[PDB]
Amino acid sequence: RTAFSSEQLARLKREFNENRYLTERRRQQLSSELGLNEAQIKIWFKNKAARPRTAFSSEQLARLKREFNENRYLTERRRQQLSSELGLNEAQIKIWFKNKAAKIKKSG
DNA sequence: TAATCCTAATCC
DNA sequence: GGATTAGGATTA
Ligand code: NA
């Protein structure tokens, strides 16, 4: 019976742009964090969109691999630049570096 | 076809 | 950042 607040709407829009896939745990987390029902979160995501893995292109992979080899530390500015030039969100760039570091640690 | 490999994305 | 799963492609 209550409208989403400005902060609730803004957060939902950010979440959906970052990742439109709602797992059970993510629906529960967002429900708790936002103070909205799971049904409300689920309906809002379904309306907006009416395990998704990105297929990183050869061009995206070549750039990420080169950037990691040049510098393993990812500044916010470079994260933003790579998000812009590669068409990936900042979280995806951060996770790519994290996964690549973990793969290296698993080897040597 | 089924085993096996790579790694993006989740959950913590 | 650690642990692990899961898309999905490759290999045998
Ligand atoms: Na990744």
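Naming convention: chains lettered A, B, ... in sequence-line order (proteins, then strands); numbering from 1 in each chain.
Residue A/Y21 has its side chain nearest to B/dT10 when only B/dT10, B/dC11, B/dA8 are considered. The listed nucleotides are B/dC6, B/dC11, C/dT5; the one nearest the side chain of A/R51 is C/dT5. When distances are taken from the side chain of A/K98 to each of B/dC11, C/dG2, B/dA9, the shortest belongs to C/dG2.
A/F56 has its CZ atom 13 Å from the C1' atom of C/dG7, to the nearest Å. As a whole-Å value, the separation of A/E90 CD from B/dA9 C1' is 17 Å. Atom CD of A/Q60 is separated from atom P of B/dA9 by 10 Å (rounded to the nearest Å). Taking atom CD of residue A/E15 and atom P of nucleotide B/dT10, one finds them 11 Å apart after rounding to whole Å. For the pair A/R20 CZ and B/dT10 P, the interatomic distance rounds to 13 Å; values are reported in whole Å. Going from atom NZ of A/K94 over to atom P of B/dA9 covers 13 Å, rounded to whole Å. Between the CG atom of A/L30 and the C1' atom of B/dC11 there is a distance of 14 Å, given to the nearest Å. Rounded to an integer number of Å, the gap from A/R25 CZ to B/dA9 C1' is 16 Å.
At most 12 non-hydrogen atoms from other residues, nucleotides or ligands lie less than 6.0 angstrom from NZ of A/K94.
In this structure, A/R53 does not reach the C/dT5 phosphate: none of its side-chain N or O atoms is under 4.0 Å from OP1 or OP2. Phosphate contact (OP1/OP2 of B/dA8, side-chain N/O of A/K103, threshold under 4.0 Å): absent. Proximity of A/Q92 to the phosphate of B/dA9: a side-chain N or O atom is located under 4.0 Å from OP1 or OP2. The side chain of A/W96 places no N or O atom within less than 4.0 Å of a non-bridging phosphate oxygen (OP1 or OP2) of B/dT7.
When heavy atoms are screened at a 4.0 angstrom cut-off, A/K100 is found touching no nucleic acid atom at all.
Remark: the backbone N or O of A/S5 is paired with a side-chain donor or acceptor of A/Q8 at under 3.5 angstrom.
Between A/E24 and A/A55, the residue whose closest nucleotide on DNA chain B is further toward the 5' end is A/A55.
Look at A/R79 and A/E90 and you find no salt bridge, because none of the NZ, NE, NH1 or NH2 atoms lies under 4.0 Å from a carboxylate O. With respect to the salt-bridge test (charged N to carboxylate O, under 4.0 angstrom), the residues A/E59 and A/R63 do not qualify.
A/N99 contributes a side-chain N or O that forms a donor-acceptor pair with the base of B/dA9 under 3.5 Å.
Minimum heavy-atom separation, A/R78 to A/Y73: NH2-O, 2.8 Å.
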